[PDB]
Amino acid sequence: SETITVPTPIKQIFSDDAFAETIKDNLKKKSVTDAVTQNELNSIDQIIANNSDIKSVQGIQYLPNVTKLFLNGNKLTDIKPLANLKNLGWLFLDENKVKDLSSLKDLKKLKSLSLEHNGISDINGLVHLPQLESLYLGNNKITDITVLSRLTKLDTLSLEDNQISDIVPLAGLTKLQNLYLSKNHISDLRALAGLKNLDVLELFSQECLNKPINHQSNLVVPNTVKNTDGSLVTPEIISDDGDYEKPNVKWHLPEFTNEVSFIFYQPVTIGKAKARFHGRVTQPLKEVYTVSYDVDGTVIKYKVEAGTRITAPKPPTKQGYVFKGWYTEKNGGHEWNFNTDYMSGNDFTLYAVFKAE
C-alpha cells in the first residue's frame, strides 16, 4: 500500500537521509525521528529539494496530493516512486541521471517538465505526455526529436546543446513562444517558417559536419545552409583562404589537408522574434590517389586512399606466356606485393610482366 494508518517516524518512510530532512523541514518538524500522520502527508502540495545530495525519493509514494516537485541537482537515477502521483503538474529534475522515463507514462496532469543535464538521448517516452506546456531538455545527447510533433500544446521548449540536425518535427508546433535551439547541428531553418507566435528564439553556435569527401587541388563544396525561406546563407568567413561563388564554396588546396570549414551568420526574424543564426560547417577530406594498371599499353585506373591496402587485379593472361606479376616499370623496376605494399602518397602506374612459356 501507499498510505499509513498510524503515526510513523519520518525516517521510517523516507530512508534517504537527505530526503528525510527535506520532509522534516517541509512539515516543520523538529527531527527526522518525529512521527507524522497520513493527514500531514496529504497536506504536502510542493517539495523544494534542489542541490540536496538525494539518491532516492523512495517514500514519496505516500504523498498523493503533491503537484510540484523541484529536485534539480541531486543523484537520482530512478523515478519509479513518482509513477502514481497522478496530480503532478511540475517536475524539475535537472542535473541528475534519470534516463528511464517509463514512469512518467500516467502523469497526465504534468504541464512543466525539466530534464536538463541528464545524459538523455532517447525521449520517445514523452509520447505519453501530449499535454505538456513547458519542456526543458538542454544539455543532453538528443538527436531524434520525432516524438515532439505530438506535443502540440508546448509554448516553451529548450533543446539547446544537443546533437539535433532535423528540426522538421517542430514545424507544426504553432503555440511555441519561447524556443531555444543554440548549440545543435542545425543548417536548415525551413522547419521554423510557420511558427508565427515566437517571442524568444535562439539559434547561435551551430556545429554542422559533412560526410567526408576526397581532397582535390580545386575543391568545390555546395553551400547547404538555408534560411527560413530556403535561400542560401552567405558565409561569414571561410577557412584556408577559400572563397564563395554561389551556391558553392571553393578552395585552392595544392597540398593535402584533412579538413576545411566555413562559418555562417544570418539575422533572422520569425514573427516577432529576432535571432542570430550562426555556426560552422566542417568538411573532412580523404587523401586519395590513383593506381593505374598497364597491360601492354591498355590501362584501367582505380582510386585508393593513401596508406591503405590495394586489392590485386584479376591476373592478366596472354596465350603463349605466363604472367609474372605487377612491376613498378614496364621494363625494369621491382615487383609489387599487395599484402605488404600499401597505397603510395601519389599517383602511380604498375605494369604487367609476362614470360614466354
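One-based numbering along the sequence shown.
Asks: Pick between 13-21 and 343-351: the one whose mean CA B-factor in the entry is higher.
Replies: Higher mean C-alpha B-factor in the PDB entry: 13-21.
Asks: On mean Cα temperature factor in this entry, is 319-327 or 298-306 the higher one?
Replies: It is 319-327 that shows the higher mean C-alpha B-factor.
Asks: Select one of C208, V260, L189, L93: the residue whose C-alpha shows the highest B-factor in the crystal structure entry.
Replies: Highest C-alpha B-factor among the listed residues goes to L189.
Asks: Sorting the chain's CA B-factors, does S56 end up in the lowest, middle or highest third?
Replies: For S56, whose C-alpha B-factor we compare with every modelled residue in the chain, the answer is the lowest third.
Asks: Hey, what third does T77 fall into on Cα B-factor, ranked over its chain?
Replies: Middle third - that is where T77 ends up once the chain's C-alpha B-factors are sorted.
Asks: Quick check on the deposited entry: does the C-alpha B-factor of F204 sit in the lowest, middle or highest third of its chain?
Replies: Middle third of the chain for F204's C-alpha B-factor.
Asks: Which third, lowest, middle or highest, does the CA B-factor of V281 fall in along this chain?
Replies: According to the entry, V281 has a C-alpha B-factor in the chain's lowest third.
Asks: Compared with the other modelled residues in the chain, in which third is the CA B-factor of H215?
Replies: According to the entry, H215 has a C-alpha B-factor in the chain's lowest third.
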